[PDB]
Structure formats: structure tokens, C-alpha cells
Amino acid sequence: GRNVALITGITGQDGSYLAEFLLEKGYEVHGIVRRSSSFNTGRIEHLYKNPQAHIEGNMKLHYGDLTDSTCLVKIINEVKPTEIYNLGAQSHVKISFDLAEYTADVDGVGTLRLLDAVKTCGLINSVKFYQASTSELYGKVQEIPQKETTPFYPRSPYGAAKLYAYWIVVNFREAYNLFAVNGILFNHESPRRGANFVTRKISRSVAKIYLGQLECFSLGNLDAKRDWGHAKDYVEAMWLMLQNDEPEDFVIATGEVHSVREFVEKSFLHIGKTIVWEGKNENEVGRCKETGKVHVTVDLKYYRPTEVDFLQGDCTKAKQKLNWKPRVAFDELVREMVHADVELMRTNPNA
């Protein structure tokens, strides 16, 4: 009956929702946090027993790094987790193009290091292991929609690194009988999403424009199409995969496709502005119909050298085997994110 989770990447979007979910289920939750010159725990600070004194209760934190083999062994050996969720990563696709080696060492080799730490600790038989796989693996998609058996075609050093991680997880599963699974999750956003992913960038910018604190912002490829769900729904799927009798990989997604362009339009609609588009390519601009003011421009610096044009997930296997369903759909996702960021910018024009 002992339920002890270890979350790498606990400070990120998904880790903070997953920590809450597992705490709610009575888990003792351990996380690995990077040393940083300022604290990086803002998403999970409310999960201290005393947030004012930063005293831990059932969520306990450990300094560590996915590139330091010894610290991972020490932490796993001390914690003896029953479930490990490897969410730690350099997770940004655009940044990965000029941080390609660091991204490989953390996202790819770092997964190996965590798996070898489990094995070193004698826990291959005692641990269930979740790997944060990603729809970026499909890249230039080879099937539509994409399912567990769709061949991968990565399009960034991030995708390539996660492809390494995916297969080394399969190899520990097959070679050593580790209960280890690849959650092949499609894009998921929330009010806690990193600020330079495209959805949170739009909702942040629309909020600042609404409050008169920003006039305009620049985007990259407006025509990219994504399957977007809500991170809070998706972390439950991660836990469900570790409850399955057999270790299996699952696609987690909504199966509904929308463009970056639509996210922009729906976001502005919630602050009472109708965006109309002018021009083409890097000279395209989005203008408020009601005021005539230009609020969106295009800057090639936000483009990727090898774009991922289209993603649409088929989560049939998860729905059948895990009884999982997405709760939040695209329209509600956009409203929630814009409203959250409006309330945030009201408190702090520098947020």
C-alpha cells in the first residue's frame, strides 16, 4: 500500500499539476529540483505544508540534475519510489535548435541515466517508470491521425533527443522487464504553461493589450496546426498508465485540430476584439477591426528551420484501455488562459 512518487521536472507545468494530483491521492511525492541562483519552485510553493516558511509536508524536494548520474542514484536510493515520472527536460522546440547538445544530454541521455539509476538501486522489479514522450516524435507526420504504431519522423534536436529516450525506455522494458511506459502526449497547455510556448505567449500578450500595457507582439508561423488539450487533464493519464496491469505506450490527445491563427483570433475575441488579417508571409499583420490598431506581426526569428506543420492524435487505445477522456476542449482552454493572464497582469504590469 506504500505509494511514493518521484517526479523529475516537478517545477514545470506538468510536474506541478501531477504533484497536486498525486498528493490528492495520498501519495508521498518527491521531486528533483535544479539548483538555481533564484528559487524556481513558484509553481509548487503552495504545496509546502507551510508556504510562508517553506517547510515540507507530503511533498519533499531534492536538489539534482538529470546530467549528474551520482545524484540520481543517491536520490532514488534514499526515496525508494514506487512510481517515477520523468518529466524533466529542456522542453522547448525552438530553443533546442541552438541548444542541441544540452537538449540531447538532458532529454535523451538523461532518460538513460534515470533508468540506469533505477537498475543500479535494485529497483527494476519495484518501480513503475513513466517517460514524458511527445507528439513531436511524429514530426513530419507519417500517418493521419497519429497513433502508437505511427512511425516517428522527428524535426528538431528536441524531437531527436526524445526519440532516443523513447527507445531506451522500450529497451529497459524489454531487456530487464522494467514496468516502463511512453506517454506519447500531444500539446497540452494551462495558465501555468511556459511563457514562450505559442498559446501562453498569445494569452499573455492579449491580456497585456487588453489592459493597455502592450500595443503589439510578433509571432512566427501562423498556419501551424496543433492538437491542444489541458495539462491538468493529461497528468491524470500519466498516473492511469502506471495503474495498467501491463506496461504499454499510449497516445494522449484530443483528436481536434486548430491553427495558431485560430488561437490568436479566439484569444482576442475574449477581450472584445476582432482580428482581421492583412498581407502575407512575414509581412502579414493582424489588426483590430473595432479600432483599426495592429496588434500582431510576424517575425521570421520565431520560425523553426524544420517546422512541424500538423499534429492530430488518435487516443483510441487510451480511451479503451485506460478509460481516459479529455475534459477541457479548445474553446474553454483559450478562455481560461486569457482570463487567467488578464487577472495576472492586473496585479503586475511586469509579469
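For every residue, the number given is its place in the sequence shown, counted from 1.
Open item on the list: Across the other PDB entries of this protein that model residues on both sides of residue 56, is it left without coordinates in at least a third of them?
Closed with: Yes, a third or more of the compared structures omit it.
Task: Stretch with the higher entry mean CA B-factor, where the candidates are 104-112 and 237-245 - done: The recorded data point to 237-245.
Open item on the list: Test of understanding: from the entry's C-alpha B-factors, which stretch has the higher mean, 309-317 or 322-330?
Closed with: Of 322-330 and 309-317, the stretch with the higher C-alpha B-factor average is 322-330.
TODO: Tell me which of 289, 62, 304, 43 tops the list for C-alpha B factor in the record.
DONE: In this record, 289 carries the highest C-alpha B-factor of the candidates.
- [ ] Name the one of 164, 158, 210, 130 with the greatest CA B-factor according to the PDB entry.
- [x] Max CA B-factor in the entry, restricted to 164, 158, 210, 130: 210.
Open item on the list: Test of reading the entry: by CA B factor among the chain's modelled residues, which third contains residue 201?
Closed with: Middle third, going by the recorded CA B-factors of the chain.
Open item on the list: What third of the chain does residue 6 rank in for C-alpha temperature factor, lowest, middle or highest?
Closed with: According to the entry, residue 6 has a C-alpha B-factor in the chain's middle third.
Open item on the list: Among the modelled residues of this chain, does the Cα B factor of residue 227 put it in the lowest, middle or highest third?
Closed with: Middle third.
Task: Third of chain Cα B-factors occupied by residue 142 - done: As the PDB entry reports it, the C-alpha B-factor of residue 142 lands in the highest third of its chain.
Task: Modelled-residue ranking by C-alpha temperature factor, third containing residue 67 - done: Answer is lowest: the recorded C-alpha B-factor places it there.
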